[PDB]
Every structure is written in structure tokens, then in C-alpha cells.
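Colleague: Below is the file target.cif, with mmCIF, C-alpha atoms.
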data_structure
loop_
_atom_site.label_atom_id
_atom_site.label_comp_id
_atom_site.auth_asym_id
_atom_site.auth_seq_id
_atom_site.Cartn_x
_atom_site.Cartn_y
_atom_site.Cartn_z
CA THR A 34 12.62 27.17 -4.48
CA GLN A 35 11.58 28.37 -1.06
CA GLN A 36 12.59 28.76 2.56
CA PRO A 37 11.10 27.07 5.65
CA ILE A 38 9.08 29.28 8.00
CA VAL A 39 7.33 27.47 10.86
CA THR A 40 9.47 24.43 11.68
CA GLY A 41 9.64 21.19 13.61
CA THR A 42 12.95 19.93 14.94
CA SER A 43 14.21 16.32 15.39
CA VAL A 44 12.36 13.05 14.81
CA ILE A 45 14.07 9.98 16.35
CA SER A 46 13.47 6.25 16.04
CA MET A 47 14.84 2.73 16.30
CA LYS A 48 13.70 -0.85 15.91
CA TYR A 49 13.60 -3.55 18.62
CA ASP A 50 12.82 -7.30 18.61
CA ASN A 51 9.07 -6.96 17.97
CA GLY A 52 8.66 -3.60 16.28
CA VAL A 53 9.69 0.02 15.99
CA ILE A 54 9.52 3.17 18.12
CA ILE A 55 9.39 6.76 16.91
CA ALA A 56 9.17 10.09 18.76
CA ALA A 57 9.10 13.86 18.14
CA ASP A 58 8.43 16.88 20.36
CA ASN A 59 5.36 19.11 20.00
CA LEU A 60 6.94 22.39 18.99
CA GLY A 61 6.45 24.60 15.95
CA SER A 62 9.26 27.18 15.82
CA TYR A 63 9.23 30.50 13.97
CA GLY A 64 12.91 31.27 13.70
CA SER A 65 14.09 31.68 17.29
CA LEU A 66 10.53 32.20 18.54
CA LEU A 67 9.04 29.06 20.14
CA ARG A 68 5.66 30.00 18.67
CA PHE A 69 3.37 26.95 18.78
CA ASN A 70 3.16 24.21 21.39
CA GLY A 71 0.35 21.86 20.48
CA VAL A 72 1.91 20.55 17.29
CA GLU A 73 1.68 16.81 16.67
CA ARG A 74 4.42 15.69 14.27
CA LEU A 75 3.80 11.94 14.39
CA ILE A 76 1.20 10.90 11.81
CA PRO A 77 -0.49 7.49 12.21
CA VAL A 78 -1.62 5.84 8.97
CA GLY A 79 -3.96 2.94 9.60
CA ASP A 80 -2.74 0.77 12.49
CA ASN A 81 0.65 -0.42 11.23
CA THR A 82 2.43 2.82 10.30
CA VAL A 83 3.50 6.13 11.82
CA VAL A 84 5.05 8.95 9.79
CA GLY A 85 7.25 11.40 11.69
CA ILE A 86 7.95 14.72 10.02
CA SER A 87 10.42 17.56 10.65
CA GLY A 88 11.04 20.74 8.72
CA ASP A 89 8.45 23.17 7.35
CA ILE A 90 5.10 22.77 9.15
CA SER A 91 2.96 24.06 6.27
CA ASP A 92 4.43 21.32 4.07
CA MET A 93 3.93 18.81 6.90
CA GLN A 94 0.20 19.64 6.95
CA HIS A 95 0.12 19.15 3.18
CA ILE A 96 1.77 15.74 3.55
CA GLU A 97 -0.84 14.99 6.20
CA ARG A 98 -3.64 15.69 3.75
CA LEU A 99 -1.89 13.53 1.16
CA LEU A 100 -1.78 10.62 3.58
CA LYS A 101 -5.45 10.79 4.55
CA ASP A 102 -6.25 10.70 0.83
CA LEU A 103 -4.10 7.65 0.23
CA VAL A 104 -6.22 5.86 2.82
CA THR A 105 -9.53 6.95 1.28
CA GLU A 106 -8.35 6.14 -2.24
CA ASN A 107 -7.06 2.71 -1.22
CA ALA A 108 -10.47 1.87 0.23
CA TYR A 109 -12.24 2.51 -3.11
CA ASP A 110 -13.57 -0.65 -4.79
CA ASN A 111 -11.39 -2.62 -2.39
CA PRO A 112 -13.30 -5.24 -0.36
CA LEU A 113 -10.01 -6.26 1.31
CA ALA A 114 -9.02 -2.74 2.47
CA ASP A 115 -8.82 -3.73 6.14
CA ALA A 116 -7.08 -7.04 5.44
CA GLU A 117 -4.76 -8.31 2.69
CA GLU A 118 -5.06 -5.07 0.70
CA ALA A 119 -4.54 -2.55 3.49
CA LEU A 120 -1.76 0.03 3.12
CA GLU A 121 1.66 -1.33 4.03
CA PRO A 122 4.42 0.82 5.61
CA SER A 123 6.54 0.18 2.52
CA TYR A 124 3.79 1.41 0.17
CA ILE A 125 3.43 4.62 2.18
CA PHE A 126 7.16 5.24 2.13
CA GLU A 127 7.66 4.61 -1.57
CA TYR A 128 4.80 7.03 -2.24
CA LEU A 129 6.24 9.86 -0.16
CA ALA A 130 9.76 9.24 -1.51
CA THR A 131 8.41 9.43 -5.06
CA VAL A 132 6.70 12.71 -4.26
CA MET A 133 9.76 14.12 -2.48
CA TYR A 134 12.06 13.36 -5.40
CA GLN A 135 9.65 14.76 -8.02
CA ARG A 136 9.29 17.98 -6.06
CA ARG A 137 13.05 18.48 -5.73
CA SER A 138 13.40 17.65 -9.44
CA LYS A 139 11.05 20.55 -10.26
CA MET A 140 13.09 22.84 -7.99
CA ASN A 141 10.14 23.24 -5.60
CA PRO A 142 10.75 20.93 -2.60
CA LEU A 143 8.60 20.00 0.38
CA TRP A 144 11.10 21.28 3.00
CA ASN A 145 11.06 18.22 5.24
CA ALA A 146 12.90 15.19 6.61
CA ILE A 147 10.66 12.18 7.06
CA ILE A 148 10.90 8.84 8.86
CA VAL A 149 8.41 6.11 8.18
CA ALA A 150 8.05 3.59 10.98
CA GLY A 151 5.90 0.49 10.92
CA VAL A 152 5.43 -3.27 10.84
CA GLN A 153 4.85 -5.08 7.55
CA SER A 154 2.12 -7.73 7.19
CA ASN A 155 4.66 -10.57 7.53
CA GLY A 156 5.94 -9.13 10.82
CA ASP A 157 9.08 -7.45 9.45
CA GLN A 158 10.00 -4.12 11.05
CA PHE A 159 10.03 -1.15 8.68
CA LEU A 160 12.23 1.89 9.22
CA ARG A 161 13.24 4.23 6.41
CA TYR A 162 14.12 7.90 5.88
CA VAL A 163 13.50 10.41 3.06
CA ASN A 164 14.13 14.16 2.87
CA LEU A 165 13.62 17.25 0.69
CA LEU A 166 16.33 16.06 -1.74
CA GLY A 167 14.65 12.70 -2.30
CA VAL A 168 17.54 10.95 -0.55
CA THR A 169 16.60 7.67 1.16
CA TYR A 170 18.22 5.20 3.55
CA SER A 171 17.58 2.58 6.23
CA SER A 172 19.35 1.77 9.48
CA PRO A 173 18.54 0.12 12.84
CA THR A 174 18.23 3.67 14.22
CA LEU A 175 17.27 6.85 12.36
CA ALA A 176 17.01 10.49 13.43
CA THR A 177 16.66 13.82 11.60
CA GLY A 178 18.28 17.20 12.17
CA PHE A 179 19.80 17.55 15.63
CA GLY A 180 18.82 14.04 16.65
CA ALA A 181 21.06 12.70 13.90
CA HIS A 182 24.02 14.20 15.77
CA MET A 183 23.02 13.48 19.37
CA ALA A 184 20.41 10.69 19.29
CA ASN A 185 21.96 8.18 16.88
CA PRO A 186 25.11 7.94 19.04
CA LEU A 187 23.07 7.01 22.12
CA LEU A 188 20.62 4.74 20.27
CA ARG A 189 23.45 2.96 18.45
CA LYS A 190 24.99 1.92 21.79
CA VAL A 191 21.87 -0.25 22.13
CA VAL A 192 21.59 -1.48 18.53
CA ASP A 193 24.94 -1.05 16.78
CA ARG A 194 24.17 -3.53 14.02
CA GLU A 195 21.44 -5.82 12.66
CA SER A 196 22.11 -8.74 15.04
CA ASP A 197 21.33 -6.51 18.04
CA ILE A 198 17.66 -6.13 17.05
CA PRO A 199 16.31 -9.49 18.37
CA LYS A 200 18.22 -8.99 21.66
CA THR A 201 16.45 -5.66 22.29
CA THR A 202 13.19 -5.34 24.23
CA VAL A 203 10.46 -2.70 24.05
CA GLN A 204 11.40 -1.60 27.57
CA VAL A 205 15.10 -1.14 26.77
CA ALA A 206 14.29 0.59 23.47
CA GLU A 207 11.68 2.97 24.91
CA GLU A 208 14.06 3.81 27.75
CA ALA A 209 16.80 4.67 25.25
CA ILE A 210 14.43 6.82 23.17
CA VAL A 211 13.14 8.71 26.22
CA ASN A 212 16.69 9.42 27.42
CA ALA A 213 17.58 10.68 23.94
CA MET A 214 14.62 13.08 24.02
CA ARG A 215 15.93 14.47 27.32
CA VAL A 216 19.44 14.97 25.90
CA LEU A 217 17.96 16.81 22.91
CA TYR A 218 16.03 19.02 25.31
CA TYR A 219 19.33 19.87 27.03
CA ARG A 220 21.34 20.92 23.98
CA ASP A 221 18.89 21.76 21.11
CA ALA A 222 17.68 25.38 21.31
CA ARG A 223 14.69 24.63 19.09
CA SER A 224 13.35 21.75 21.20
CA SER A 225 10.39 21.42 23.55
CA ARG A 226 9.88 19.54 26.80
CA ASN A 227 6.60 17.94 25.63
CA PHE A 228 6.61 15.24 22.99
CA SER A 229 4.75 12.28 21.54
CA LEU A 230 5.98 8.70 21.26
CA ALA A 231 4.59 5.83 19.22
CA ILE A 232 5.26 2.09 19.25
CA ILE A 233 4.35 -0.29 16.45
CA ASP A 234 4.45 -3.85 17.73
CA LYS A 235 3.74 -6.92 15.62
CA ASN A 236 1.79 -8.30 18.59
CA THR A 237 0.44 -5.40 20.70
CA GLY A 238 -0.29 -3.26 17.62
CA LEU A 239 -0.05 0.53 17.62
CA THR A 240 0.43 2.41 20.89
CA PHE A 241 0.31 6.20 20.57
CA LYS A 242 1.44 8.15 23.64
CA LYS A 243 0.61 11.86 23.83
CA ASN A 244 1.72 14.60 26.24
CA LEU A 245 4.89 12.98 27.54
CA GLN A 246 7.39 15.20 29.36
CA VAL A 247 11.13 15.14 29.84
CA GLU A 248 11.64 14.21 33.49
CA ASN A 249 14.56 13.46 35.84
CA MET A 250 16.66 16.43 34.72
CA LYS A 251 19.95 17.37 36.36
CA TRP A 252 20.34 21.11 37.01
CA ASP A 253 21.57 21.28 40.61
CA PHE A 254 25.28 21.33 39.69
CA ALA A 255 24.59 24.77 38.21
CA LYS A 256 24.62 26.47 41.62
CA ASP A 257 28.37 25.85 41.92
CA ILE A 258 29.27 27.45 38.56
CA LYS A 259 30.20 31.13 38.79
CA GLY A 260 31.91 33.57 36.45
CA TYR A 261 33.62 32.58 33.21
CA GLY A 262 37.18 32.12 34.46
CA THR A 263 38.50 34.02 37.48
CA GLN A 264 35.36 35.15 39.36
CA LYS A 265 35.02 33.48 42.77
CA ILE A 266 31.64 34.61 44.11
CA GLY B 5 -41.21 15.10 -39.78
CA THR B 6 -39.08 12.45 -38.02
CA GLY B 7 -35.56 11.64 -36.89
CA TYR B 8 -35.84 13.66 -33.67
CA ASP B 9 -34.67 10.56 -31.80
CA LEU B 10 -31.38 10.09 -33.68
CA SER B 11 -29.34 12.81 -31.96
CA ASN B 12 -28.83 13.35 -28.21
CA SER B 13 -29.60 17.03 -27.53
CA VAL B 14 -32.55 17.46 -29.93
CA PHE B 15 -35.98 18.61 -28.71
CA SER B 16 -38.85 16.67 -30.32
CA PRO B 17 -42.00 18.60 -31.32
CA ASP B 18 -43.54 17.80 -27.92
CA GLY B 19 -40.47 19.09 -26.07
CA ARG B 20 -38.85 15.75 -25.23
CA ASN B 21 -35.33 14.36 -25.55
CA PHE B 22 -35.85 10.85 -26.95
CA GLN B 23 -32.24 9.75 -26.47
CA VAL B 24 -32.61 10.33 -22.72
CA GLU B 25 -35.82 8.29 -22.82
CA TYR B 26 -34.02 5.45 -24.58
CA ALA B 27 -31.31 5.60 -21.94
CA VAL B 28 -34.09 4.97 -19.42
CA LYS B 29 -34.96 1.77 -21.29
CA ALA B 30 -31.44 0.50 -20.67
CA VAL B 31 -32.02 1.22 -16.98
CA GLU B 32 -35.35 -0.61 -16.80
CA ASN B 33 -33.66 -3.59 -18.41
CA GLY B 34 -31.20 -3.75 -15.54
CA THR B 35 -31.01 -5.51 -12.20
CA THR B 36 -33.10 -4.11 -9.35
CA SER B 37 -31.52 -1.98 -6.60
CA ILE B 38 -32.85 0.02 -3.68
CA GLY B 39 -32.22 2.42 -0.86
CA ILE B 40 -33.95 2.88 2.49
CA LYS B 41 -33.60 5.92 4.72
CA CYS B 42 -33.73 5.09 8.44
CA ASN B 43 -33.90 7.24 11.60
CA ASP B 44 -30.13 7.92 11.55
CA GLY B 45 -28.68 6.52 8.33
CA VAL B 46 -29.37 4.81 5.02
CA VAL B 47 -29.28 1.28 3.65
CA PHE B 48 -28.51 0.18 0.10
CA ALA B 49 -29.17 -3.22 -1.41
CA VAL B 50 -28.92 -4.70 -4.88
CA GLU B 51 -29.82 -7.88 -6.80
CA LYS B 52 -26.82 -9.67 -8.34
CA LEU B 53 -27.88 -12.21 -10.98
CA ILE B 54 -25.91 -15.45 -10.97
CA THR B 55 -25.23 -16.06 -14.65
CA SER B 56 -23.49 -19.35 -13.82
CA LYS B 57 -21.85 -21.42 -11.08
CA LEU B 58 -18.54 -20.02 -12.34
CA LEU B 59 -19.01 -16.53 -10.84
CA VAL B 60 -16.95 -16.49 -7.65
CA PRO B 61 -19.48 -15.64 -4.91
CA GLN B 62 -19.15 -12.34 -3.02
CA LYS B 63 -16.42 -11.22 -5.46
CA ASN B 64 -18.16 -8.99 -7.99
CA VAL B 65 -19.09 -6.10 -5.69
CA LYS B 66 -21.54 -3.62 -7.18
CA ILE B 67 -22.10 -1.09 -4.39
CA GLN B 68 -19.46 1.65 -4.31
CA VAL B 69 -18.25 4.13 -1.73
CA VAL B 70 -17.43 7.81 -2.35
CA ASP B 71 -15.14 9.58 0.14
CA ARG B 72 -15.72 7.67 3.39
CA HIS B 73 -19.35 8.51 4.16
CA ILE B 74 -21.28 7.96 0.90
CA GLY B 75 -22.71 4.87 -0.74
CA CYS B 76 -23.77 4.52 -4.38
CA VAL B 77 -25.62 1.75 -6.16
CA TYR B 78 -27.14 1.64 -9.66
CA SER B 79 -29.10 -0.27 -12.28
CA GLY B 80 -28.44 -0.23 -16.02
CA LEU B 81 -25.13 -0.13 -17.84
CA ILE B 82 -22.66 -0.96 -15.07
CA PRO B 83 -19.69 0.74 -16.76
CA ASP B 84 -21.67 4.00 -16.95
CA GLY B 85 -22.31 3.69 -13.22
CA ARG B 86 -18.61 3.34 -12.45
CA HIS B 87 -17.84 6.32 -14.69
CA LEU B 88 -20.31 8.35 -12.65
CA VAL B 89 -18.80 7.27 -9.34
CA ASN B 90 -15.26 8.09 -10.54
CA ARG B 91 -16.49 11.60 -11.26
CA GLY B 92 -18.27 11.62 -7.91
CA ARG B 93 -15.00 10.80 -6.17
CA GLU B 94 -13.04 13.56 -7.92
CA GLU B 95 -15.91 15.86 -7.06
CA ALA B 96 -15.75 14.86 -3.37
CA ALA B 97 -11.95 15.18 -3.18
CA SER B 98 -12.11 18.64 -4.75
CA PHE B 99 -14.69 19.82 -2.22
CA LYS B 100 -12.74 18.49 0.76
CA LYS B 101 -9.44 19.97 -0.47
CA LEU B 102 -10.90 23.47 -0.66
CA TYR B 103 -13.38 23.48 2.26
CA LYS B 104 -11.79 20.85 4.54
CA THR B 105 -15.13 19.35 5.59
CA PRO B 106 -16.30 16.16 3.83
CA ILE B 107 -18.92 16.90 1.18
CA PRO B 108 -22.59 17.24 2.33
CA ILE B 109 -24.98 14.78 0.67
CA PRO B 110 -27.15 17.50 -0.94
CA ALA B 111 -24.00 19.19 -2.32
CA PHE B 112 -22.76 15.83 -3.61
CA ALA B 113 -26.16 15.13 -5.14
CA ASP B 114 -26.04 18.31 -7.23
CA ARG B 115 -22.46 17.56 -8.29
CA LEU B 116 -23.60 14.27 -9.84
CA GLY B 117 -26.74 15.99 -11.04
CA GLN B 118 -25.00 18.77 -13.00
CA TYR B 119 -22.58 16.28 -14.57
CA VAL B 120 -25.35 13.93 -15.70
CA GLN B 121 -27.43 16.85 -17.00
CA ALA B 122 -24.37 18.01 -18.94
CA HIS B 123 -24.55 14.80 -20.96
CA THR B 124 -27.96 15.77 -22.35
CA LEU B 125 -26.66 19.08 -23.76
CA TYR B 126 -24.64 17.95 -26.78
CA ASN B 127 -24.97 15.43 -29.59
CA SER B 128 -21.28 14.65 -29.26
CA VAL B 129 -22.01 12.58 -26.14
CA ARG B 130 -24.53 9.95 -25.08
CA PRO B 131 -26.69 10.14 -21.93
CA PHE B 132 -25.84 7.97 -18.92
CA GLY B 133 -27.48 4.55 -19.06
CA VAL B 134 -28.07 4.25 -15.32
CA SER B 135 -30.29 5.44 -12.49
CA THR B 136 -28.34 5.91 -9.28
CA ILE B 137 -29.31 5.59 -5.62
CA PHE B 138 -26.86 7.13 -3.19
CA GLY B 139 -26.60 8.91 0.13
CA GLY B 140 -25.04 8.94 3.57
CA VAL B 141 -24.75 10.95 6.77
CA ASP B 142 -23.52 14.51 7.20
CA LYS B 143 -23.53 17.52 9.53
CA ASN B 144 -27.32 17.46 9.68
#
Can you give me the file's structure in the form of C-alpha cells?
Modeller:
Amino acid sequence: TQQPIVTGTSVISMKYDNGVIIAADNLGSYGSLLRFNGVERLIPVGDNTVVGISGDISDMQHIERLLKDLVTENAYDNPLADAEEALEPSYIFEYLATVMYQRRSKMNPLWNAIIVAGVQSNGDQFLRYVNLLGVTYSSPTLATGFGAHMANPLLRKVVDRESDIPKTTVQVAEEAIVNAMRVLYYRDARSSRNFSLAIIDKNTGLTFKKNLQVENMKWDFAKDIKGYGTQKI
Amino acid sequence: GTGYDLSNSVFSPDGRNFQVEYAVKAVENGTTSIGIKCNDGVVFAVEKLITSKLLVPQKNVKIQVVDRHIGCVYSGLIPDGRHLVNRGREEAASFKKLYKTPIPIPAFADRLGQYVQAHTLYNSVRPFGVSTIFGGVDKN
């Protein structure tokens, strides 16, 4: 049993016609102190999977080390490591889920919420969640922490059910994700303006975008607000 | 008298360990393998005898990798070679976990060295029946 110390907030994602998109800001909070700003919370595994992690940062770094090892280990005595026997998004997820559930079962969790995004070898999109309790689930859109409350509602207006996937383009999807990141920056006190975004396309491959910034913010209407009820000036 | 060659860690009257010398015979009886150090790397090559047309070509790989920067090849009892590489891998993982940096070739060499030497210390184990050629690139 423990308590999280340095933490990462939301991780949001959704799937479109040809792949999946996942994003997360670059902040490492220490309680209410916005302590670290160069924190990458999207972990690429090979060229078909990206693991986004929220929660305790020390545990995130541990999970990072675990993932790099899975890659090394999978390459051992494996002449097809970069082909038919390369790590699949589903293998990576099952592994982490297994670990997450064993750790909670020993009353010593990895204090995180994880989303595994990727494209399988047969083209299928892969999007699944797992957290510190070992709980898992899939949906056309997935978000952790605050994003679950404010991002899913916006992302679900684009893909409300399975049949909406093929009708959704990378452009529409990325636009929706970027808008969601802005909304989170407006109402989540533990969020940052800078974030990373990754796209896993069954055709274009893996596109990892670093140092993005929330832009086109509306603040002007603030000049007209005065007092908290009766004040006029 | 005699019998100095029947037990692994016994010193013969001339200070030798006959069981280790017999292990060498198993090595000399094996396929040939080599290693060449170049101006910025290393190359490993090995002879793979074709027992019959039935062996699927290019499928019975003998060269093995340790971590991501080390290659190992050997001659003699193949299973003993694999055993040694498994240990080498645990050894490399352990070093990286504690020190972060991938294991230096000289450091890795001694790791395999100490383990192999350990198998000449007791009569409860047999020496390794392989000679191993390995290496890679590191910080220097």
C-alpha cells in the first residue's frame, strides 16, 4: 500500500478509420506544485504501439523499464523479431494488465491508469485501458482521470458507437483530440499547456508529435466580468 | 596413483584439472566458429553442418545476441552454449537494472568468466563443454 507523489494527469485517446490517436500533456505534479515540465508520458513500443500513462511518475518510469525489457527479451533467439514475431499491441497490454492485477492482489499497486494504443498486424485498431486495480475495458474512445469526465463527452460526439469508426478521418479525429486537450487545460488545475500526441496508422505507421501547445484560447470575455454579484466597476 | 581424472575439481600431481581438459576435447570435436575485430565493430561467423536435406535452411540459428549490443557464438556442446548465454542475459539485465547503462564488453566478459570458472570448483558439477567467442561495441 502506498500513495502517489509525483503525478501525471489525463491521457486521452480514440480510434478512427485507419488507426488510433493518443495524447497526454508533459507535466509532473507534486501535489499542487507544477514541479516538472519536460515529462513525456506517451511510451512508444516498437512501431505499432504507444502506451500512455497517468498516475505516479516513479511507477511510470518503472513500467517504462519493463517495456524496454520486453522488447529486448522478445528479440532473443527470435529471427522474426522485426516481422511475424514482433510485439503486438495486444501482447503488450495483456502483459501490463497481468502485472497490474498481480500487484494489486499483493496489496502493493503500481499507482497508474494506462491506455494502450496501437494497430495489430492484421490492421485492426487496438485500444484498451487498465489501472491500479487491474480493471480493464475497451471503447471507441478512452480517457483517464479528468479526461474521462471532460474528454469522453466531446470525443463521443464524433464516435458514439462502433459504426462511427470507418466514417472518421485522421483529420477529424486529431482535431477532436486537440480541442479536448484545450478544454482540459481550461478546467483541470493539474494540467499543462504543452503536450505530446501520437498517431498509429495502419498505412502511414507511427507519427509521434512532441512539443505541441494549446492554441486559439478564448480569454477576452474576462474583461467584462467584475465582482461576484453586485459590484459594478 | 591414478583416478585424478574421475572427479571435476581434483588437482592431478602436475597441477592440472583433467575434467576441464576433457571438456576441451568436446570443444575440438565441434563445428568451427570465428570472430574478427574490425576498426569499429566485430564480426562473428560459424560453420553449420548440413546433416541432411531435411534440415530447413536458415532455420537453425546458432549465433545468439545478449542485451542488444552483444553477439555470442560457440563450438562444442550446443546446449552448454545456450546455458551460458542464458546466464549472460540475466547477467546483462542485472547490470542494466542497477547501473542503467548497457553492460560494457569487458565487464560482460568477466561475468561469463567467473561463472564458467565456478564450474571447475566442485565435483558436483561438470565443466562447460564449449569455447565461446563474443563481443560488441560499448562506450569506448
Colleague: List, as JSON, numbers by chain, every residue that the PyMOL selection byres ((chain B) within 7 of (chain A)) selects in the file provided.
Modeller: {"B": [68, 69, 71, 72]}
Colleague: Tell me, in Å to one decimal, how far CA of residue 104 (chain B) is from CA of residue 142 (chain B).
Modeller: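 So the two atoms, CA of residue 104 (chain B) and CA of residue 142 (chain B), lie 13.6 Å apart.
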Colleague: Please identify all polymer residues lying at most 6 Å from the point (17.4, 6.8, 21.5) (file coordinates), using all atoms listed in the file, and present the result as a PyMOL selection string.
Modeller: chain A and resi 184+187-188+209-210+213
Colleague: When the PyMOL selection byres ((chain A and resi 70) around 7) is applied to the file above, which residues end up in the set, as a list in words?
Modeller: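 Checked against the file, the PyMOL selection byres ((chain A and resi 70) around 7) matches residues 59, 60, 61, 68, 69, 71 and 72 of chain A.
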Colleague: Give as an MDAnalysis selection string the residues that the PyMOL selection byres ((chain B and resi 25-34) around 7) matches when applied to the coordinates above.
Modeller: chainID B and resid 21:24 35:36 79:81 131:135
Colleague: Could you write out that same residue set with C-alpha atoms as a short mmCIF file (atom, residue, chain, number, x, y, z; two decimals), in the coordinates of the input?
Modeller:
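Okay, this is what ended up in selection.cif:
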data_model
loop_
_atom_site.label_atom_id
_atom_site.label_comp_id
_atom_site.auth_asym_id
_atom_site.auth_seq_id
_atom_site.Cartn_x
_atom_site.Cartn_y
_atom_site.Cartn_z
CA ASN B 21 -35.33 14.36 -25.55
CA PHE B 22 -35.85 10.85 -26.95
CA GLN B 23 -32.24 9.75 -26.47
CA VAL B 24 -32.61 10.33 -22.72
CA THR B 35 -31.01 -5.51 -12.20
CA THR B 36 -33.10 -4.11 -9.35
CA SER B 79 -29.10 -0.27 -12.28
CA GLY B 80 -28.44 -0.23 -16.02
CA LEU B 81 -25.13 -0.13 -17.84
CA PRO B 131 -26.69 10.14 -21.93
CA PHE B 132 -25.84 7.97 -18.92
CA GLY B 133 -27.48 4.55 -19.06
CA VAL B 134 -28.07 4.25 -15.32
CA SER B 135 -30.29 5.44 -12.49
#
Colleague: I want to know what sits within 6 Å of region 83-94 of chain A, based on all atoms listed in the file, with residues of the same chain fewer than 3 positions away left out; could you give that as an MDAnalysis selection string?
Modeller: chainID A and resid 37 39:42 74:78 97 143:150
Colleague: Using all atoms listed in the file, can you tell me which of B:47, B:120, B:59, B:42 comes closest to residue 85 (chain B)?
Modeller: B:120
Colleague: Residues within 8 Å of residue 229 (chain A), please, as a PyMOL selection string. Count only C-alpha atoms; anything in the same chain fewer than 2 positions from it doesn't count.
Modeller: chain A and resi 56-59+73+75+227+231+241-245
Colleague: Would you mind reading off the distance between CA of residue 66 (chain B) and CA of residue 83 (chain B), one decimal, in Å?
Modeller: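 Separating CA of residue 66 (chain B) from CA of residue 83 (chain B) is a distance of 10.7 Å.
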Colleague: Taking into account only C-alpha atoms, which residue in the set B:127, B:106, B:141, B:60 is nearest to residue 9 (chain B)?
Modeller: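 Nearest to residue 9 (chain B): B:127.
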Colleague: Starting from the incomplete input, reconstruct N, CA and C atoms of region 185-207 of chain A and report them as a CSV table (one decimal), keeping the file's coordinate frame.
Modeller:
chain,number,residue,atom,x,y,z
A,185,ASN,N,21.4,9.4,17.5
A,185,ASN,CA,22.0,8.2,16.9
A,185,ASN,C,23.1,7.6,17.7
A,186,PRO,N,24.0,8.5,18.2
A,186,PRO,CA,25.1,7.9,19.0
A,186,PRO,C,24.7,7.2,20.3
A,187,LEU,N,23.6,7.7,20.9
A,187,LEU,CA,23.1,7.0,22.1
A,187,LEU,C,22.3,5.8,21.8
A,188,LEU,N,21.5,5.9,20.7
A,188,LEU,CA,20.6,4.7,20.3
A,188,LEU,C,21.4,3.6,19.7
A,189,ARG,N,22.6,4.0,19.1
A,189,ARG,CA,23.4,3.0,18.4
A,189,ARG,C,24.3,2.2,19.5
A,190,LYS,N,24.3,2.6,20.7
A,190,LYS,CA,25.0,1.9,21.8
A,190,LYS,C,24.1,0.7,22.2
A,191,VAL,N,22.8,0.8,21.8
A,191,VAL,CA,21.9,-0.2,22.1
A,191,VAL,C,21.8,-1.2,20.9
A,192,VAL,N,21.6,-0.7,19.7
A,192,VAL,CA,21.6,-1.5,18.5
A,192,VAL,C,22.6,-0.9,17.6
A,193,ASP,N,23.8,-1.5,17.6
A,193,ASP,CA,24.9,-1.0,16.8
A,193,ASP,C,24.9,-1.7,15.4
A,194,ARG,N,24.3,-2.9,15.3
A,194,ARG,CA,24.2,-3.5,14.0
A,194,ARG,C,22.9,-4.4,14.0
A,195,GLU,N,22.7,-5.0,12.8
A,195,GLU,CA,21.4,-5.8,12.7
A,195,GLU,C,21.2,-6.9,13.7
A,196,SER,N,22.2,-7.7,14.1
A,196,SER,CA,22.1,-8.7,15.0
A,196,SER,C,21.7,-8.3,16.4
A,197,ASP,N,21.7,-7.0,16.7
A,197,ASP,CA,21.3,-6.5,18.0
A,197,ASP,C,19.8,-6.3,18.2
A,198,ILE,N,19.1,-6.3,17.0
A,198,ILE,CA,17.7,-6.1,17.0
A,198,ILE,C,16.9,-7.2,17.9
A,199,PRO,N,17.0,-8.5,17.6
A,199,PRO,CA,16.3,-9.5,18.4
A,199,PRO,C,16.6,-9.5,19.9
A,200,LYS,N,17.8,-9.0,20.3
A,200,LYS,CA,18.2,-9.0,21.7
A,200,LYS,C,17.7,-7.8,22.4
A,201,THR,N,17.0,-6.9,21.7
A,201,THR,CA,16.4,-5.7,22.3
A,201,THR,C,15.0,-5.7,22.6
A,202,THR,N,14.6,-5.4,23.8
A,202,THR,CA,13.2,-5.3,24.2
A,202,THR,C,12.6,-4.0,24.1
A,203,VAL,N,11.2,-3.9,24.1
A,203,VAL,CA,10.5,-2.7,24.0
A,203,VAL,C,10.9,-1.8,25.2
A,204,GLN,N,11.0,-2.4,26.4
A,204,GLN,CA,11.4,-1.6,27.6
A,204,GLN,C,12.8,-0.9,27.4
A,205,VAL,N,13.8,-1.7,27.0
A,205,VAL,CA,15.1,-1.1,26.8
A,205,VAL,C,15.0,0.0,25.7
A,206,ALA,N,14.4,-0.3,24.6
A,206,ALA,CA,14.3,0.6,23.5
A,206,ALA,C,13.6,1.9,23.9
A,207,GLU,N,12.4,1.8,24.5
A,207,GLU,CA,11.7,3.0,24.9
A,207,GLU,C,12.5,3.8,25.9
